[PDB]
Ligand code: HEM
Ligand code: HEM
Ligand SMILES: Cc1cc(N)nc(COC[C@H](N)[C@H](C)OCc2cc(C)cc(N)n2)c1
Ligand SMILES: Cc1cc(N)nc(COC[C@H](N)[C@H](C)OCc2cc(C)cc(N)n2)c1
Ligand SMILES: C[C@H](O)[C@H](O)[C@H]1CNc2nc(N)[nH]c(=O)c2N1
Ligand SMILES: C[C@H](O)[C@H](O)[C@H]1CNc2nc(N)[nH]c(=O)c2N1
Ligand SMILES: [Zn+2]
């Protein structure tokens, strides 16, 4: 057949061909000799202009004016601006389209059926760390919406030739502290040991609980970052209980409502937005399987298994599997009871299958990272497990970027 | 740049250098990764160079590289290729190459065992009838009354003139799939096509959910022939549950022996189109995939109803809860019938040890993360957090076309 990657769904026996991958302008880490698909993080002048043109072309297509006079005039404005200044600036509607396209383009995101529905707060006028803080509080307020979560991104000023970057130092707007103990263990979240100790070095007076919310470390151009405590009433949390295991509530477990990534770079048309925090709502397995059960995170599997009276001395009891299920169930139940938006891994992957279909017709493919899309418990019970996926980088994109310190 | 491989649970890093030894492309390019794809969409100097490479691999393994022995063997292979366009392996080389093919299989989580493989040389097979005898002896040996032992039986290689020796079945043991004129399937829907071939070639079909198929065996350029495996040869395990009494009432069962019979074994450029091999199961293959896949026996819902779960909503996690109990039934019943099996936690732990051995021994280990991480409880096992580099080394097991 066709000269494009053939893509098979083994459950349904159906076939598609990804033609969108031809649009990829950027190489990933794989070659004919070895697949590096599983690596988590594998290792301007005219350069700007050609990314800018590509982006402007994408914009005019999406509003159906390719080749139009408005299109050619915008192209000219952009080269003119790059010609005099070395850089250029997005119209408001170009930013909104680009931020949605970045999300639509994210191969690791299973919640992309939602991509068309994103509130884009334009904060390209921000000029201080105090002001970043107001913008961020406003984002959290809008996004949380007392539990009826709404997807959102707030975009701060782009990287500028020889000026410092806007950066949020924290990896998420909400994080729990990880306190290194004298015995070498960690109280709270071990994922956050470094950012915790940075908060302290910067004058935060540390708590000592398992679920202490971190302050934000916010850097405005060419300044040391400044510390800002989130008002407790802005951070919605959900205490965790199980629908039938009455003792589960006694564990004093909890998680926050709003997953908001704050340390990624949004690239649109060669422009780099180094601070552009975005948020959605949780898929339950991120909480109940990874955050609570990873051995290098809260690691609560054994404690829960002991409460359920399972045989933890032998793998073949499946004590780990049975505890994980209940922890995941408690997450779903507690969020549901609290009326905070959450999606379970079945409903999420089913909707991602629908997204794959929508995108097949719309664009002729969808870049997708199978290892991240398939949930971390019950993989083959979800339809995505059986679906081949082609992974490639399209721009606009969310990118990892080196920590500012 | 050789790839840096990181474990995200432990924070340790290694560098894969083994991949430099790869001489065959996989599906990926810098523009797109096709690692999740199940099947590859895709003269004498060629054969001669793989032959020398394999002979060198061999003498190196017995610590004898450079010896008169090594040198004269390279001369033999060269003299045989130059004259006939092909050559033949010595039995010790076959034995070494079969073990390496297994060591090199990126999709296999049970490679900790790679050195312990019984190799039956069946290259003096000249008829389907003889293939059947060898196959029977393999099953008998590998089954070993439930104390399962890894084995391979290697039939005669491909040859330029003629058709291949082939086992048409994908496994030595498979349950019939009977398509009901009204859409549905009775038995294993993965086996509809091979069931229909058997019937067409004169097999009297049954009407059960777990009817063991006969084997269709093909000697070169002959129609395949049909051979019923003696029931006492196929060990089966009735499935029951340690605490749920009604589970046994389901009538479920599964065969002891996983024996793959349609893959091509490639050693030193030579191709062995019929080289069935077997080990023992990991419980999730049966419990999760074979019983719970929607296009397989698909019993999730029946188990969920028997368990009295709320089936109306994904968010009760009824699927997850039934799957777990099903996997537990498999482990329990195999253990009760004293038949070798391994659960996915023990298997992935052993694979981590294998990665470490291989790093020390060879500087890397080819692994296909999507196939190594089990189909339930992925992130609960250590392999989920382990970066992996996938590439093709030879000797190798490969897919080959269906012979019909
Ligand atoms: C609407 C609800 C959403 C759901 C349920 C969701 C779901 C997910 C999940 C489960 C992951 C994997 C996370 C992990 O394992 O750490 C993910 C990754 C991601 N999603 Fe979403 N998503 C949502 C909204 C968003 C939004 C609004 C954006 C940005 C505008 C976004 C962009 C991303 C990106 C960039 C990643 C990759 C993160 C990384 O590489 O670390 N998603 N998504
Ligand atoms: C001793 C116990 C063994 C265990 C527990 C084991 C485990 C597994 C598992 C779980 C798979 C994935 C199968 C699937 O999802 O369909 C697999 C694939 C494989 N194993 Fe093993 N293995 C064992 C022995 C062997 C032996 C003896 C060989 C060959 C000599 C072998 C070669 C393979 C190959 C080639 C594959 C990939 C097959 C394919 O692509 O369809 N393994 N192994
Ligand atoms: C917007 C959104 C919604 C949702 N339901 N889930 C998310 C998940 O965010 C978690 C992030 N993927 C992870 C933790 O990013 C942090 C990170 C840090 C490092 C060092 C590497 C890496 N790959 N990722 C994001
Ligand atoms: C030796 C061995 C041990 C063990 N525990 N498990 C096995 C599993 O064998 C199952 C096979 N790998 C499955 C059926 O793959 C067959 C297959 C068929 C098709 C059409 C494509 C494909 N990639 N693979 C094999
Ligand atoms: C090694 C492996 O790439 C790594 O553990 C990945 C696997 N899949 C994942 N999938 C998601 N959604 N999130 C993750 O953090 C990871 N971790
Ligand atoms: C599309 C996807 O690669 C396919 O479903 C794979 C995923 N992982 C697998 N893993 C194993 N061990 N066996 C399988 O058959 C599969 N199927
Ligand atoms: Zn790849």
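Quick note: numbers on chain A are straight from Swiss-Prot, i.e. 67-109, 121-482, in order.
Method on record in the header is X-ray crystallography, 2.0 Å.
For all residues, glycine too, the Cβ spot is worked out from N, Cα and C.
Look at Swiss-Prot and you will find A:96, A:101 tagged as Zn(2+) binding site. The DSSP secondary structure for residue A:101 (Zn(2+) binding site) is strand.
Secondary structure at residue A:448 ((6R)-L-erythro-5,6,7,8-tetrahydrobiopterin binding site), taken from DSSP and collapsed to helix, strand or coil, is helix. A C-beta separation below 8 Å, combined with a sequence spacing of at least six in one chain, links residue A:448 ((6R)-L-erythro-5,6,7,8-tetrahydrobiopterin binding site) to A:103, A:104. According to Swiss-Prot, the feature (6R)-L-erythro-5,6,7,8-tetrahydrobiopterin binding site maps to A:104, A:448, A:449, A:462, an assignment based on similarity to another entry.
Residues or ranges marked as heme b binding site in Swiss-Prot: A:186, A:477. In the shown protein chains, 19 other C-beta atoms lie within 10 A of the C-beta of residue A:186 (heme b binding site). Secondary structure at residue A:186 (heme b binding site), taken from DSSP and collapsed to helix, strand or coil, is coil.
Taken from Swiss-Prot, the feature L-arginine binding site applies to A:249, A:358, A:359, A:363, A:368, supported by similarity to another entry. Under DSSP, residue A:368 (L-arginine binding site) is assigned to a helix (H, G or I) in the three-state scheme. Long-range Cβ neighbours of residue A:368 (L-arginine binding site) (same chain, at least 6 residues apart, Cβ-Cβ under 8 Å): A:266, A:332, A:374, A:375.
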Of all listed binding-site residues, namely A:249, A:363, A:368, A:448, those lying near chain B with CB under 8 A: A:448
Fewest other Cβ within 10 angstroms of its own Cβ, chosen from the binding-site residues A:359, A:449: A:449
Closest of A:186, A:358, A:449, A:477 to residue A:101 (Zn(2+) binding site), Cα positions, binding-site residues only: A:449
For residue A:462 ((6R)-L-erythro-5,6,7,8-tetrahydrobiopterin binding site): intrachain residues, at least 6 apart, with Cβ closer than 8 Å: A:451, A:456
Cβ neighbours of residue A:104 ((6R)-L-erythro-5,6,7,8-tetrahydrobiopterin binding site) where a neighbour is any other Cβ within 10 Å: 26
Cα-to-Cα distance of termini bounding the 11-residue gap, residue A:109 and residue A:121, in Å: 20
Inter-residue Cα distance where the pair is residue A:477 (heme b binding site) and residue A:449 ((6R)-L-erythro-5,6,7,8-tetrahydrobiopterin binding site), in Å: 15
